[PDB]
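Below sits a lone chain in structure tokens, taken as the form deposited in one PDB entry.
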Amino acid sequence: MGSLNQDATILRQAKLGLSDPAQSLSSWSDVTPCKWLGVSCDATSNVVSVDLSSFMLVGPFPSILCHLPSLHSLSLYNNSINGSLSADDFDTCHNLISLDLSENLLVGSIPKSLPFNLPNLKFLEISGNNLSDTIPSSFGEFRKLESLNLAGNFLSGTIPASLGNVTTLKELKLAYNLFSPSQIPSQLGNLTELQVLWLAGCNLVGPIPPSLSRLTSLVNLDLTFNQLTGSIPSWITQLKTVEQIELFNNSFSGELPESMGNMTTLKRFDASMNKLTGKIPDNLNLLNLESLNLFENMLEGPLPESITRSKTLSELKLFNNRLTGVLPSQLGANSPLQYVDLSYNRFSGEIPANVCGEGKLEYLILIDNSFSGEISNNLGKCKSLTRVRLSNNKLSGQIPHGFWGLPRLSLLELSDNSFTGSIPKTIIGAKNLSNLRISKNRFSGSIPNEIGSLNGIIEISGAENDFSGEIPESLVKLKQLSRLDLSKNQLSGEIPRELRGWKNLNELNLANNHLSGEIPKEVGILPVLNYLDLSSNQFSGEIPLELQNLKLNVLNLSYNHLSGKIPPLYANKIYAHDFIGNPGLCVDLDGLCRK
């Protein structure tokens, strides 16, 4: 009874100093306090832990909670605790082992006196506030702290060297603050029990200090988004329990450490956006690897065959390097490949036929390589695909039939290859298709009517092919269509007269075909049309006056069979290049007509 009374009163007093607009603490408003929401007790009925995570509470830090004599854990994670921390707020909190103030609205400085007032803490988190000024050097006095998280504040100055005296630390998270440009303090090498070191976005310069080789229990080393220089040190390779190395967006130079191949525990490795040279290490035995990102470097040589030993690999992004050679033929057969982006390299030979062997591949991005041969019929059945970009390669043959109708495919980009064949009617199944980009190929036959059923289409880009027959009337009711480019084909017939469905059409390019009839008057009523190119066709009749409504970046009606007068808005000689090659046309230059 005694302890239930005490606890209930202190808890109610604390609650009175907060605003609770979500009624999260209604249970504190019959029942023993040991069963109130967020409240845990020990066997003698004393409150030991108060967890008010995500309760939408507003107001100053409720330091009255510290008057509970057995309180060991306090979490106010993700509320609206506001104002600043004073020295006084923590005077009575000296029994705490765990304190979580992350994701609140706190401002101002960390009190210098915090370690003195909270000497028993093992876990301190104040991540995601607006804390400013420096991390106090007194933080070097904590005798028991295991985890420190100050990530995502406006803390400035530099990371204090005295943190190296907190040799009980297992996690140190200081990422995304406003520190001055400085080196990683060498003294952090004394934190020999560290498992997590997260100093992303900390304005770090210079090398990773050699002392950090003493951090032999590292599991996650994350130094992303800094300006670190020199080699990625080869001691990361001998970490027996390393799972994650994140070093992207730095200025690392030299080569990937040669013996990376033996890091059997490694799950994720990202050293993208650096200045790495040399080759991808070979004899890979990266048994646990899930993600390998090495994009935007100056890597050369091949993707080693031994990558296929990584039977859990799901993400491989190597784009923007100078990699060469043929891909390992078995790539993807034995891995749940999800995201593959090898663009802007010099790869050659065929696309591995089972890149989607496990049925998980979503992105297949191979732009700007010299891949040759055909797309495997396998890929025609890769139903998980959303984003395919195969442009600017040396691919040939007919596209696999089912590829056109994949149910989740959003971007299909095949441009600048030598693909042949007609677009099949199975394109009707591509319900999610947004962008069809197939220019600069040898596709033949007629544009199938079913492309008009794909209501989401925003782009049909088919220039420089061998398309013939008519533009299907169906395209004219694609409400979201932004860009229609079918220039340099063999299309015939007319443009449909009813075009009000084209409310989003920004570009209409049908130059260099065999199109006939009149330019329909409704071209000029399209609300966002900025590009119109109908040149090099057999359009006849008069240029509609409604074109004068539009603000056209490009207007080109040259090399047709058009007649009558040029609309008066375009009568100046600066637009003359728009209308050349229409022998029947003239300009009304002050009275008579000039050809």
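One rule holds for the numbers: they count along the sequence shown, beginning at 1. In this text, the rigid core denotes the largest set of C-alpha atoms whose superposition between the two forms falls within 1.5 Å.
Same protein, other form: the form deposited in another entry, not shown, and the subject of what follows.
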The residue to pick from 174, 299, 510, 155, given a Cα shift of 2 Å or more between the shown form and the other one after core fitting, is 510
With both forms fitted on the core, check whether the Cα of residue 449 differs by 2 Å or more between the shown form and the other one.
yes
Is_shifted residue 128 between the shown form and the other one (CA, 2 Å cut-off, rigid core)
no
Spell out whether the Cα of residue 565 moves at least 2 Å between the shown form and the other one when the two forms are superposed on their rigid core.
yes
